[PDB]
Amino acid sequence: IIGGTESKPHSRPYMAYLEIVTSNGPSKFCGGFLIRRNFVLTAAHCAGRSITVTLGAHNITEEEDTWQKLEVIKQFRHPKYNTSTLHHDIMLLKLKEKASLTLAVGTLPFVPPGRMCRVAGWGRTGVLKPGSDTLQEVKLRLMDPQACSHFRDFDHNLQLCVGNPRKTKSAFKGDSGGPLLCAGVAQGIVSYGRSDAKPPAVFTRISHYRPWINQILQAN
(Lines of atoms letter the chains of each structure in order from A and count residues from 1; the text may use other names and numbers.)
(Lines give C-alpha, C1' and ligand atoms only; values in the text may rest on other atoms or scores of the structure.)
Protein backbone atom coordinates (compact mmCIF):
# COMPACT_ATOMS: atom_id res chain seq x y z
CA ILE A 1 0.00 0.00 0.00
CA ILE A 2 1.43 3.39 -1.15
CA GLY A 3 0.31 6.63 0.55
CA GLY A 4 -1.71 4.71 3.14
CA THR A 5 -2.00 4.66 6.94
CA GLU A 6 -1.13 1.86 9.40
CA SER A 7 -4.47 0.15 10.12
CA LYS A 8 -5.82 0.23 13.66
CA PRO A 9 -4.70 -3.21 14.86
CA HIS A 10 -7.35 -5.90 14.15
CA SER A 11 -9.82 -3.40 12.73
CA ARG A 12 -10.01 -5.33 9.42
CA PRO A 13 -10.52 -8.78 10.93
CA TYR A 14 -11.28 -10.46 7.57
CA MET A 15 -7.74 -9.73 6.35
CA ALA A 16 -5.59 -12.77 5.56
CA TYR A 17 -1.84 -12.93 5.04
CA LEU A 18 -0.86 -15.62 2.59
CA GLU A 19 2.50 -17.38 2.62
CA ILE A 20 2.85 -19.16 -0.72
CA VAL A 21 5.44 -21.76 -1.50
CA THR A 22 5.78 -21.18 -5.28
CA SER A 23 5.29 -24.33 -7.37
CA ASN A 24 8.90 -24.11 -8.56
CA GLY A 25 11.12 -22.43 -5.89
CA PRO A 26 10.94 -19.56 -3.31
CA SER A 27 8.18 -18.12 -1.06
CA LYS A 28 5.88 -15.25 -1.92
CA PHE A 29 3.19 -13.28 -0.10
CA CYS A 30 -0.30 -12.06 -0.97
CA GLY A 31 -3.32 -10.67 0.78
CA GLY A 32 -6.72 -12.30 0.89
CA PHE A 33 -9.89 -12.22 2.96
CA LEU A 34 -11.93 -14.69 4.96
CA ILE A 35 -15.52 -15.02 3.53
CA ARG A 36 -16.49 -18.19 5.45
CA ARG A 37 -14.98 -19.93 8.47
CA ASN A 38 -12.95 -22.14 6.14
CA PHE A 39 -12.70 -20.10 2.95
CA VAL A 40 -10.38 -17.32 1.81
CA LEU A 41 -10.80 -15.29 -1.36
CA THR A 42 -7.62 -14.06 -3.10
CA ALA A 43 -6.07 -13.54 -6.55
CA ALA A 44 -5.43 -16.50 -8.90
CA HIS A 45 -1.85 -15.25 -9.48
CA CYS A 46 -1.11 -16.02 -5.82
CA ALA A 47 -1.44 -19.78 -6.35
CA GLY A 48 1.51 -22.03 -5.50
CA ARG A 49 2.55 -25.48 -4.34
CA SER A 50 1.16 -24.81 -0.92
CA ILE A 51 -0.20 -21.88 1.03
CA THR A 52 -0.49 -20.86 4.64
CA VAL A 53 -2.98 -18.29 5.85
CA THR A 54 -2.44 -16.10 8.90
CA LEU A 55 -5.60 -14.56 10.31
CA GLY A 56 -5.85 -12.11 13.24
CA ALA A 57 -2.53 -10.47 12.34
CA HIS A 58 -1.45 -6.83 12.39
CA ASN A 59 2.32 -6.91 12.49
CA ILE A 60 3.19 -10.05 10.62
CA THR A 61 6.55 -10.47 12.41
CA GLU A 62 4.74 -10.48 15.78
CA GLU A 63 2.75 -13.49 16.86
CA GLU A 64 -0.16 -12.58 19.06
CA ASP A 65 -2.90 -14.36 20.87
CA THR A 66 -5.22 -13.15 18.07
CA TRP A 67 -3.44 -15.14 15.40
CA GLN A 68 -4.92 -18.16 13.69
CA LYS A 69 -2.51 -19.69 11.23
CA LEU A 70 -4.03 -22.33 8.96
CA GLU A 71 -2.83 -24.50 6.09
CA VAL A 72 -4.61 -24.43 2.78
CA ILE A 73 -5.92 -27.85 1.83
CA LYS A 74 -7.41 -26.98 -1.60
CA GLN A 75 -6.94 -24.15 -4.16
CA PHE A 76 -9.87 -23.32 -6.40
CA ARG A 77 -8.40 -21.19 -9.15
CA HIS A 78 -10.84 -19.70 -11.61
CA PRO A 79 -10.96 -22.28 -14.47
CA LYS A 80 -10.71 -19.54 -17.15
CA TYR A 81 -7.83 -17.78 -15.40
CA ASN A 82 -5.23 -16.55 -17.93
CA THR A 83 -1.66 -16.10 -16.70
CA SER A 84 -0.90 -13.62 -19.50
CA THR A 85 -3.98 -11.29 -19.57
CA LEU A 86 -4.92 -11.82 -15.88
CA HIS A 87 -8.58 -12.28 -16.87
CA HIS A 88 -10.51 -14.05 -14.07
CA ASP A 89 -7.80 -13.27 -11.48
CA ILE A 90 -9.67 -14.91 -8.60
CA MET A 91 -9.07 -17.94 -6.41
CA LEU A 92 -10.81 -19.51 -3.45
CA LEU A 93 -8.76 -21.26 -0.76
CA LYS A 94 -10.25 -23.95 1.44
CA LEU A 95 -8.67 -24.06 4.92
CA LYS A 96 -7.79 -27.24 6.78
CA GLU A 97 -10.17 -26.31 9.54
CA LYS A 98 -12.62 -23.57 10.36
CA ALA A 99 -11.31 -20.35 11.82
CA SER A 100 -12.67 -19.44 15.28
CA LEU A 101 -14.64 -16.18 14.99
CA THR A 102 -13.15 -13.66 17.46
CA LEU A 103 -13.00 -9.90 17.61
CA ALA A 104 -9.76 -10.12 15.59
CA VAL A 105 -10.89 -12.83 13.12
CA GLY A 106 -14.19 -12.43 11.30
CA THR A 107 -15.69 -13.15 7.91
CA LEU A 108 -16.39 -10.40 5.34
CA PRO A 109 -19.96 -10.00 3.90
CA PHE A 110 -21.17 -9.47 0.33
CA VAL A 111 -25.69 -3.81 -6.12
CA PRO A 112 -23.53 -1.11 -7.78
CA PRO A 113 -20.52 0.63 -6.11
CA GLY A 114 -19.93 4.30 -5.16
CA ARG A 115 -16.64 6.26 -5.63
CA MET A 116 -14.61 6.12 -2.43
CA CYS A 117 -13.24 2.68 -1.62
CA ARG A 118 -10.59 1.27 0.70
CA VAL A 119 -7.95 -1.42 0.36
CA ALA A 120 -5.55 -2.89 2.95
CA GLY A 121 -2.47 -5.07 2.78
CA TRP A 122 1.11 -5.75 3.81
CA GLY A 123 2.60 -4.98 0.41
CA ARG A 124 5.26 -2.54 -0.58
CA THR A 125 4.93 1.06 0.43
CA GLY A 126 6.55 2.51 -2.68
CA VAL A 127 8.09 1.39 -5.96
CA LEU A 128 11.40 0.08 -4.59
CA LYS A 129 10.33 -0.05 -0.92
CA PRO A 130 10.04 -3.09 1.40
CA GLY A 131 6.78 -4.80 2.29
CA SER A 132 5.00 -3.39 5.33
CA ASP A 133 5.38 -5.37 8.53
CA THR A 134 2.12 -3.68 9.64
CA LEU A 135 -1.21 -3.70 7.86
CA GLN A 136 -1.63 -0.53 5.86
CA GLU A 137 -4.83 0.78 4.32
CA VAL A 138 -5.67 3.53 1.83
CA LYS A 139 -8.78 5.19 0.43
CA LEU A 140 -8.90 5.05 -3.41
CA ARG A 141 -11.38 6.43 -5.96
CA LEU A 142 -13.15 4.00 -8.26
CA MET A 143 -12.53 5.34 -11.79
CA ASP A 144 -14.42 5.02 -15.03
CA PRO A 145 -13.15 2.13 -17.19
CA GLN A 146 -11.72 4.59 -19.71
CA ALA A 147 -9.07 5.61 -17.10
CA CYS A 148 -7.70 2.09 -17.50
CA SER A 149 -7.81 2.09 -21.35
CA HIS A 150 -4.01 1.98 -21.37
CA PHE A 151 -4.10 -1.63 -20.00
CA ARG A 152 -4.62 -3.45 -23.27
CA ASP A 153 -6.40 -6.49 -21.75
CA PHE A 154 -8.67 -4.48 -19.39
CA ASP A 155 -12.39 -5.35 -19.43
CA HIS A 156 -15.02 -3.32 -17.58
CA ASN A 157 -17.21 -6.39 -17.16
CA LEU A 158 -14.53 -8.43 -15.39
CA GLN A 159 -12.64 -5.60 -13.66
CA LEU A 160 -12.57 -2.41 -11.63
CA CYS A 161 -10.34 0.57 -12.40
CA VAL A 162 -9.03 1.87 -9.13
CA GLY A 163 -7.00 4.92 -8.00
CA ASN A 164 -7.00 8.56 -9.08
CA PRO A 165 -3.83 9.02 -11.22
CA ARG A 166 -3.20 12.50 -9.81
CA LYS A 167 -2.34 11.07 -6.37
CA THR A 168 0.24 8.38 -5.44
CA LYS A 169 -2.25 6.40 -3.30
CA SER A 170 -2.41 2.83 -4.65
CA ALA A 171 -2.34 -0.87 -3.88
CA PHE A 172 1.00 -2.24 -4.97
CA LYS A 173 3.18 -5.39 -5.06
CA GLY A 174 2.40 -7.73 -2.11
CA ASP A 175 -1.18 -6.31 -1.89
CA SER A 176 -2.45 -8.89 -4.42
CA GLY A 177 -5.59 -10.76 -3.40
CA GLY A 178 -6.67 -8.22 -0.79
CA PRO A 179 -10.24 -6.89 -0.97
CA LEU A 180 -11.39 -3.47 -2.06
CA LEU A 181 -14.35 -2.33 0.05
CA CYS A 182 -16.79 0.35 -0.99
CA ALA A 183 -19.26 1.27 1.77
CA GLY A 184 -18.18 -1.66 3.92
CA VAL A 185 -18.94 -4.03 1.02
CA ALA A 186 -16.34 -6.08 -0.83
CA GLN A 187 -16.32 -5.03 -4.50
CA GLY A 188 -12.81 -5.80 -5.86
CA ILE A 189 -9.63 -7.91 -5.48
CA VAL A 190 -6.20 -6.33 -6.08
CA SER A 191 -4.94 -7.82 -9.36
CA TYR A 192 -2.29 -5.76 -11.16
CA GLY A 193 -1.12 -2.35 -12.33
CA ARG A 194 1.97 -0.48 -13.50
CA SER A 195 5.27 -1.56 -12.03
CA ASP A 196 6.07 2.17 -11.63
CA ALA A 197 3.04 2.38 -9.38
CA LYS A 198 1.22 5.18 -11.36
CA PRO A 199 -2.51 4.61 -10.62
CA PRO A 200 -5.06 3.52 -11.49
CA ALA A 201 -4.65 -0.23 -10.91
CA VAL A 202 -6.79 -3.20 -11.96
CA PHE A 203 -8.85 -5.24 -9.55
CA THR A 204 -11.09 -8.27 -10.15
CA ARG A 205 -14.81 -7.34 -10.23
CA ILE A 206 -16.22 -9.64 -7.52
CA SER A 207 -19.89 -9.28 -8.63
CA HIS A 208 -19.12 -10.87 -11.98
CA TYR A 209 -17.83 -14.00 -10.22
CA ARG A 210 -20.59 -14.47 -7.58
CA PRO A 211 -22.17 -17.57 -9.23
CA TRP A 212 -18.80 -19.32 -9.36
CA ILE A 213 -18.08 -18.40 -5.71
CA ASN A 214 -21.58 -19.66 -4.64
CA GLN A 215 -20.99 -22.86 -6.62
CA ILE A 216 -17.64 -23.57 -4.86
CA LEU A 217 -18.99 -22.65 -1.40
CA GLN A 218 -22.23 -24.65 -1.80
CA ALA A 219 -20.19 -27.71 -2.89
CA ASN A 220 -17.19 -27.63 -0.48
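Heads up: residue numbers just count along the shown sequence, starting at 1.
The mean Cα B-factor in the deposited entry runs higher for 23-31 than for the other of 183-191 and 23-31.
The question of which stretch, 54-62 or 155-163, has the higher mean Cα B factor is settled in favour of 155-163. Taking the PDB entry at face value, the top CA B factor among 71, 133, 144, 137 belongs to 71.
As recorded in the entry, 210 carries the highest CA temperature factor of 12, 198, 210, 205. Sort the modelled residues of the chain by CA B factor and residue 106 lands in the middle third. The entry lists a Cα temperature factor for residue 49 that places it in the highest third of the chain's modelled residues.
In the deposited entry, the Cα temperature factor of residue 121 places it in the lowest third of its chain's modelled residues. Ranked against the other modelled residues of its chain, the C-alpha B-factor of residue 127 as given in the entry falls in the highest third.
Compared with the other modelled residues of the chain, the Cα B-factor recorded for residue 148 ranks in the lowest third.
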